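Beneath this line is the structure, given in structure tokens, with notes to follow.
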There are 6 protein chains.
Amino acid sequence: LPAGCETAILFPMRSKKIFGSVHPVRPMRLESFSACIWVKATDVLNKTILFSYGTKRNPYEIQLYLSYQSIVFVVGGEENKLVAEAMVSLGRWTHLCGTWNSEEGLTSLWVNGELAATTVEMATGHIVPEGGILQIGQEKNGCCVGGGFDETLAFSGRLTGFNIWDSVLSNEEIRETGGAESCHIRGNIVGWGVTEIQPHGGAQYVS
Amino acid sequence: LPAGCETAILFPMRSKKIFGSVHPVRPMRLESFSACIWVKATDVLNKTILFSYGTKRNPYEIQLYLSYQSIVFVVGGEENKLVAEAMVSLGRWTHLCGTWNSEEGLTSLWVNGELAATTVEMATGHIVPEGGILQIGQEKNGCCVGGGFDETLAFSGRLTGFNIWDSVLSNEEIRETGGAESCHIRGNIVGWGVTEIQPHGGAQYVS
Amino acid sequence: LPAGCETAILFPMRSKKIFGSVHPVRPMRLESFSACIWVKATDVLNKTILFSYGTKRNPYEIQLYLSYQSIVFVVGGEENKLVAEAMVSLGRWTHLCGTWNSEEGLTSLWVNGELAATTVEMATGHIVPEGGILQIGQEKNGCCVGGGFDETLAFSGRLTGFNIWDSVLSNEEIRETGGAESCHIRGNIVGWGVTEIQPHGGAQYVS
Amino acid sequence: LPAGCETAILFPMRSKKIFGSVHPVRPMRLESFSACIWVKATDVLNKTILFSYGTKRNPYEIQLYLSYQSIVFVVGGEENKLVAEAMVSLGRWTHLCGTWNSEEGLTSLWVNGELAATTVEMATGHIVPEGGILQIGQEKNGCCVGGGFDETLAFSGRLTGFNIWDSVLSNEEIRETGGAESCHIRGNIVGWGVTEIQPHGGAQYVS
Amino acid sequence: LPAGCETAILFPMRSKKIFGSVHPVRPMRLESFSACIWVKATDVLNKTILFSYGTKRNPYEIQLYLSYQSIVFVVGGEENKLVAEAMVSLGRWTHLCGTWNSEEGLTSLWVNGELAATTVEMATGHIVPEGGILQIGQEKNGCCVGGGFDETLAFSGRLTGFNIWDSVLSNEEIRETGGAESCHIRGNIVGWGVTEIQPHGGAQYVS
Amino acid sequence: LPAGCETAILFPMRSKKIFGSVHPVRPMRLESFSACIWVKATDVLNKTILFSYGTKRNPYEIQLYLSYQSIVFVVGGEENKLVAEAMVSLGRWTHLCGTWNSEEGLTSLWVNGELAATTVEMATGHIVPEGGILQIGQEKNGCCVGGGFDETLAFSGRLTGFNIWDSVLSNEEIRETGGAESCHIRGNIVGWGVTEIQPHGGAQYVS
């Protein structure tokens, strides 16, 4: 048994240098998906970056950030967004997730297994290419240049359970993955404790 | 071993290169402030520096060192120092901090939220500059060539919860910081777990 | 070698990891500017990076590449670019430089005291921002464990004498820049020996 | 390129990082001494150190620096100093032998044996102490911060042939030290090729 | 685990490179002294060298190891050795320490504060000098370029409770140090956590 | 440049850290041997090491050092040595060669292929084991104890012309080894580029 599945990372603070590198295996070609994470933040900012995907042409491919007391989920472009209202608390484990489907651009947020939002026609029909970079809580520009990254966009807190799916998991899957025994549940695109994750600049794993 | 806190640093040795490097962003032009930090020490010497700040002209710009059974807080230079009498032990947590008024040089000390000593006219008529060097448990001694840091003045023990404000915290404010649920509160000038702190020569973060 | 300038980067071979870094002082915003190069090339592809400025919002602003015996220069975007046809040789010293103004996008590529090419209203009303990245010999790609750059666009052979002025030079100093002892004058924006540049991934100088 | 002795050090760049360190053996107390070095000043600035020695009590124990076509010599304190005017041109071999005598503060300065500057009443009755830190062409500071050292005070070019003597060398010794086959001679306190010289942050030996 | 409740060092496997090096403060010139150590072993071979003070002319001036269930103490050289018979077992913490005196070569060992053996004429007429090399777990030098330290002598397990006193401790001092509240007492010549110790090749702290 | 060979080693300084390491393929149980050395010394203190082969038991197995103007050839201990009175200078090549016969101690020294000294019954009946360490220009002192290599025993200058044989060379062999083009040769037991050698502490390959 997992006996209390607990493996995570370390963010001693938000600096200009600490970062991590994601290294998936299969193409990022995406039209629909699912993804979730258990989080324990310390302090929210004007825009606190948790994770996001980008490309040389579009560094804003995927995105999820917290500003004050709400959640905004962005896809492929700044205009493309999904704001929540009053469902974030500091320093508390929480289940959160959102999804997109190209075929007519559905989007839904889902927290603690509970629907946080519902809305349609975002990134509608768009095709996600593959060839960019994925990082968790950082931007792209600033590698091996002595910082560079905007410290203003960094995050403080704990994270655990990063997993990505090729398809929008049903709402039953949404509620169940929020259960006390969902840590083992690992996605197809990315599996927590399976996909390569190597820290940098002061990141370390914590159990 | 909590002190109303989770993470801290480790100081396994009084070494010649062990020290902590801290790097805020805003300038250190200070006329008044407060700074509270939990401490748990192993052994006590005639003098053991902590968190001091200084300048290439005035390394003694501020200081706080520790004596066998007295605690001396220094501001500006050698001439201006306040001392606690007999309220220091070893291996136990304590809440120590005070404030400075440039206008009249007021000073305070507070052990476990309990006043220690009070006196006036220290660091008055003069301004704390900006851009100096901040460190911990050791003076800004030789750092690159050789260990360069004298052993006698180093520290062994547990320090964390260090933060900096810009104003004098009232007695209620200080006693609140003495509560077990105040770690989340942070100072604007320095936010613990947010401001830059990088360990050197033996310093090691711990949860 | 004829380049009296001692600093002489060598790029011994073309790989996916050999690269360098630069860190100028003052902002890169420029309504008019000029830059130059003294180079000895080993090999040329359909496209061979010389250098290029880049930002996360515009990976390419200024950009160069030897297209076999022809030179192509870039400003603003792929839409704007000037070309020179057959003014190159392999294994021989060569002086290259171009200029631009936002005033009327006036442009005239230069080559060893000759007018390599000319065009009007290139990048007029287009101000390069400040805070971007400049790279030489290669464009902006990854630099992680096995990420790296495009070896095909990597360069091999020696380079030297790179500097930047912040306006459009008149013909007098332009011609004297190719003088027998023009090494001493240094572009204010970039001075060959004042603006720091660091070899990486195998880079080294013939100094 | 030419040089009296083959072994030399290079300063091809000025930044906040490059610097060098020295590790002599004997104590640095001294009431009179003699010292010099051969330099190739590629460029000058408003103010920039050539070689200097300092400590926590006093960073200005000694400073030699140039001001355009003039050379400035400072001992002990900024007010305590001397200057010679309109001899230097960039990138040229030269010899200078400024010295001191605590007995009456007798300080003179030869330029290849021409008494460029000289006066009295400097540090009269003071003795250089022991226990400081030594460097060449740098302002003392902790670069472990990353940077720290001021770029504007950094030297660009080549320096070589540094020596220290326990007493003031007579005029005959001074004019002998500068011979075309004299760069072998070595100071007792600092012996060229015997006393330690550690390039740092980019400094390199072009021996 | 009376000793486990303290910071210590783990040695998971008996390797060719696992060891530690130190850098004490005062010279090691002695004629009498006390010393102790806390150990919990897993496997004992023909020999598992514990530690040994050695100089260039004699590596075996001081030497402690465990021969299966036998505890042999060697002083000066192989000529002198004192053996404890059956006071050691596997897999648990234990207390096994003693003292020596040159004046008449008196030697004695203790187990849990209980005498194990004593003798006379051991290292009489000889003195232990200062400036040698001390290691732990493995016997002699050859760290980086020597290939390593003889594997057969290597040890795997947990060690702690190391202190050095410059006098034969009385029986009361021995029994008090053998108690559970001896963590605060520390040797003046050397002490765990106060005297520099550097892990090498696998050994790491635990707390 | 001279001496025929185009491969040498530079010891720019006599520090506490520089030394030269060798890794012979074959064990060093030598009863008879031969070798040559080509040197230009820079400065000579009371003692100066050329090489010193040493084992743990007898660090003075085979040695060769210069004192002022006098060669000394120690082998196996202080009592056994061979000395040349005033047969050296500074800063020029010289073919120095001495051998040993374990049969009855036939030992001698050849300068520029010219007999310089000879003694008999030196190291008669004393055998050389295998398992020691060969170093050149310094005496084995330790490389991971924070330096300490005696600067007095270090070497300053550049060196080449080192080989080792399994037996004594004849007079014509010695003279040929001293020939004007005695390179394109390697010793029976050690050569150039074949013998594994790694500079450490400030040595440099040259050609």
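Residue names in the structure tokens use chain letters A, B, ... in the order shown, residue numbers from 1 in each chain, and ligand numbers from 1 in the order shown.
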Least-squares superpose chain F onto chain C - every C-alpha atom, paired in order - and show me the moved coordinates as a compact mmCIF listing (two decimals) with C-alpha atoms, in the first residue's frame.
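Below you can see selection05.txt, which holds the result:
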# COMPACT_ATOMS: atom_id res chain seq x y z
CA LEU F 1 46.62 37.03 -35.65
CA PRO F 2 45.62 39.59 -38.33
CA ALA F 3 42.87 42.27 -38.13
CA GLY F 4 44.94 44.39 -35.73
CA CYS F 5 43.25 43.16 -32.56
CA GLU F 6 44.90 40.65 -30.24
CA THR F 7 41.75 39.16 -28.70
CA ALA F 8 39.33 36.78 -30.40
CA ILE F 9 36.95 33.90 -29.71
CA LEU F 10 37.15 30.34 -31.04
CA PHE F 11 34.17 28.14 -31.93
CA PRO F 12 36.00 24.88 -32.72
CA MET F 13 32.73 23.06 -33.37
CA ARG F 14 29.09 23.50 -34.33
CA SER F 15 27.52 21.33 -31.63
CA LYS F 16 24.11 21.34 -29.96
CA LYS F 17 25.46 23.02 -26.80
CA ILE F 18 27.89 25.84 -27.71
CA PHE F 19 26.76 29.48 -27.61
CA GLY F 20 27.89 32.94 -26.58
CA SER F 21 26.35 35.11 -23.87
CA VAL F 22 26.58 38.88 -23.33
CA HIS F 23 25.54 41.11 -20.42
CA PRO F 24 25.14 44.73 -21.57
CA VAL F 25 25.21 47.33 -18.81
CA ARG F 26 22.69 49.61 -20.56
CA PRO F 27 19.18 48.58 -21.67
CA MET F 28 18.61 47.79 -25.34
CA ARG F 29 15.79 50.21 -26.21
CA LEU F 30 17.52 51.16 -29.47
CA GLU F 31 15.95 53.16 -32.28
CA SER F 32 19.32 53.63 -34.02
CA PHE F 33 22.68 51.94 -33.59
CA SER F 34 25.90 50.90 -35.29
CA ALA F 35 28.27 47.94 -35.11
CA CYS F 36 30.92 45.96 -36.98
CA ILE F 37 31.98 42.31 -37.21
CA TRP F 38 35.27 40.70 -38.19
CA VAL F 39 35.04 37.03 -39.15
CA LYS F 40 36.71 34.07 -40.80
CA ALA F 41 34.03 31.45 -41.37
CA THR F 42 35.05 27.79 -41.51
CA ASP F 43 32.10 26.17 -43.30
CA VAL F 44 28.66 27.42 -44.37
CA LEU F 45 25.47 25.36 -44.30
CA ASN F 46 22.12 26.51 -45.69
CA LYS F 47 22.02 29.02 -42.82
CA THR F 48 24.77 30.14 -40.43
CA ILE F 49 24.28 32.56 -37.53
CA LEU F 50 26.58 35.48 -36.84
CA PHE F 51 24.37 36.85 -34.07
CA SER F 52 20.68 37.01 -33.22
CA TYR F 53 19.30 39.40 -30.60
CA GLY F 54 15.90 38.14 -29.52
CA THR F 55 13.28 38.80 -26.86
CA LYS F 56 10.62 36.42 -25.52
CA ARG F 57 7.90 38.14 -27.56
CA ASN F 58 10.03 38.57 -30.71
CA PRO F 59 13.16 36.37 -30.62
CA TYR F 60 14.06 37.88 -34.02
CA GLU F 61 14.62 41.50 -32.92
CA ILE F 62 18.08 42.00 -34.63
CA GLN F 63 19.80 39.27 -36.65
CA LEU F 64 22.71 38.81 -39.05
CA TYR F 65 23.41 35.53 -40.83
CA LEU F 66 25.17 34.18 -43.91
CA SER F 67 23.73 31.75 -46.46
CA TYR F 68 26.23 30.19 -48.89
CA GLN F 69 27.89 33.28 -50.47
CA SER F 70 25.18 35.75 -49.43
CA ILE F 71 24.85 38.01 -46.39
CA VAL F 72 21.41 38.57 -44.86
CA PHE F 73 20.50 41.23 -42.27
CA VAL F 74 17.16 40.39 -40.64
CA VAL F 75 15.79 42.88 -38.10
CA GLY F 76 12.59 42.32 -36.12
CA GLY F 77 11.09 39.64 -38.35
CA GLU F 78 11.49 37.51 -41.44
CA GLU F 79 9.78 40.01 -43.75
CA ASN F 80 12.40 42.67 -42.90
CA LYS F 81 15.87 41.77 -44.17
CA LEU F 82 18.76 43.05 -46.28
CA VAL F 83 20.74 40.69 -48.51
CA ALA F 84 24.09 40.87 -50.42
CA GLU F 85 24.32 38.51 -53.42
CA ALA F 86 27.81 36.89 -53.61
CA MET F 87 30.06 39.17 -51.54
CA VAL F 88 31.81 36.64 -49.26
CA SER F 89 34.32 33.79 -49.25
CA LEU F 90 35.66 31.37 -46.62
CA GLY F 91 38.62 31.77 -44.29
CA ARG F 92 39.51 35.47 -44.58
CA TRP F 93 38.68 38.70 -42.79
CA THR F 94 36.09 41.13 -44.11
CA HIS F 95 34.61 44.27 -42.55
CA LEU F 96 30.84 43.79 -42.73
CA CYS F 97 28.66 46.56 -41.30
CA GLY F 98 24.94 47.27 -41.54
CA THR F 99 22.78 49.77 -39.63
CA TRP F 100 19.14 50.77 -39.18
CA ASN F 101 17.18 54.00 -38.80
CA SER F 102 13.90 53.72 -36.91
CA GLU F 103 12.88 57.05 -38.45
CA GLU F 104 11.86 55.55 -41.80
CA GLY F 105 13.95 52.37 -41.94
CA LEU F 106 17.21 53.56 -43.50
CA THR F 107 19.17 50.30 -43.57
CA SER F 108 22.28 49.26 -45.49
CA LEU F 109 25.29 46.95 -45.46
CA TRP F 110 28.98 47.81 -45.89
CA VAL F 111 31.61 45.25 -46.91
CA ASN F 112 35.26 46.14 -46.24
CA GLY F 113 33.99 49.66 -45.69
CA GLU F 114 32.29 49.48 -49.10
CA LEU F 115 28.54 49.92 -49.52
CA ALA F 116 26.94 46.55 -50.28
CA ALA F 117 23.17 46.94 -49.87
CA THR F 118 20.51 49.42 -48.82
CA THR F 119 16.74 49.37 -48.30
CA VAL F 120 14.27 51.92 -46.95
CA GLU F 121 11.01 51.77 -45.00
CA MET F 122 12.34 48.68 -43.20
CA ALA F 123 11.09 48.64 -39.60
CA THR F 124 9.46 52.06 -39.86
CA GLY F 125 7.42 52.83 -36.76
CA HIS F 126 8.63 49.62 -35.09
CA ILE F 127 10.57 50.24 -31.87
CA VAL F 128 13.12 48.04 -30.13
CA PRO F 129 12.25 47.50 -26.44
CA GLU F 130 14.80 46.64 -23.74
CA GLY F 131 15.14 43.33 -21.92
CA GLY F 132 16.16 40.88 -24.65
CA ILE F 133 19.24 38.68 -24.84
CA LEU F 134 22.21 39.18 -27.16
CA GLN F 135 24.02 36.08 -28.44
CA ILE F 136 26.64 35.68 -31.16
CA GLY F 137 27.09 32.76 -33.53
CA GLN F 138 23.91 30.94 -32.50
CA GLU F 139 20.19 31.48 -31.97
CA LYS F 140 18.75 31.47 -28.46
CA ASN F 141 17.57 27.89 -27.96
CA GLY F 142 18.09 27.08 -24.28
CA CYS F 143 21.07 25.93 -22.22
CA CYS F 144 19.46 23.74 -19.52
CA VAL F 145 17.19 21.50 -21.59
CA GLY F 146 19.98 19.07 -22.43
CA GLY F 147 21.36 21.17 -25.28
CA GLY F 148 19.41 21.43 -28.52
CA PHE F 149 21.05 24.55 -29.96
CA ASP F 150 20.70 23.98 -33.68
CA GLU F 151 24.06 22.76 -34.95
CA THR F 152 22.94 24.04 -38.35
CA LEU F 153 22.65 27.58 -36.94
CA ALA F 154 25.84 27.28 -34.88
CA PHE F 155 29.16 28.76 -36.04
CA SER F 156 32.54 27.23 -36.87
CA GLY F 157 35.71 29.30 -36.96
CA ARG F 158 37.07 32.23 -34.98
CA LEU F 159 35.53 35.65 -34.45
CA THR F 160 36.38 39.16 -33.25
CA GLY F 161 35.69 42.80 -34.02
CA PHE F 162 32.30 43.10 -32.28
CA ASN F 163 30.98 46.44 -31.00
CA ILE F 164 27.58 48.11 -30.66
CA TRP F 165 26.61 51.79 -30.83
CA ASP F 166 23.64 53.83 -29.66
CA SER F 167 23.32 55.45 -33.10
CA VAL F 168 24.24 54.96 -36.75
CA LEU F 169 27.83 55.77 -37.67
CA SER F 170 28.64 58.11 -40.54
CA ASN F 171 30.47 56.95 -43.66
CA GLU F 172 33.89 58.16 -42.33
CA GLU F 173 33.13 56.54 -39.07
CA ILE F 174 32.42 53.24 -40.83
CA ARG F 175 35.59 53.52 -42.91
CA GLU F 176 37.69 54.25 -39.82
CA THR F 177 36.03 51.31 -38.06
CA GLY F 178 37.23 49.29 -41.05
CA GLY F 179 40.75 50.69 -40.83
CA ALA F 180 43.77 48.41 -40.75
CA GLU F 181 44.33 49.23 -37.04
CA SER F 182 40.73 49.69 -35.93
CA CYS F 183 41.31 48.17 -32.49
CA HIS F 184 42.26 50.19 -29.37
CA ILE F 185 38.63 51.32 -29.69
CA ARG F 186 35.44 50.16 -28.01
CA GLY F 187 31.87 50.83 -29.07
CA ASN F 188 29.65 53.43 -27.47
CA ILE F 189 27.49 50.61 -26.01
CA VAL F 190 29.77 47.50 -26.14
CA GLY F 191 33.57 46.90 -26.19
CA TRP F 192 36.19 44.23 -25.48
CA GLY F 193 37.08 43.28 -21.92
CA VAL F 194 34.49 45.81 -20.71
CA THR F 195 31.39 43.99 -21.93
CA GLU F 196 30.68 41.01 -19.70
CA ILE F 197 30.88 37.82 -21.78
CA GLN F 198 31.27 34.19 -20.67
CA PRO F 199 32.00 31.34 -23.11
CA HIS F 200 29.86 28.23 -22.77
CA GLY F 201 29.81 24.86 -24.47
CA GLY F 202 33.28 24.85 -26.03
CA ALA F 203 34.35 28.39 -26.86
CA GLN F 204 37.89 29.56 -26.15
CA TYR F 205 39.55 32.91 -25.58
CA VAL F 206 42.57 33.56 -27.81
CA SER F 207 45.05 36.36 -28.43
Looking only at helix (DSSP H, G or I) from DSSP on the backbone, list the matching residues of chain E as a ChimeraX atom specification. /E:151-153,171-177
If you run DSSP on this backbone, which residues of segment 99-180 of chain A come out as strand (DSSP E), and could you give them as an MDAnalysis selection string? chainID A and resid 99:101 106:111 114:119 133:135 157:165
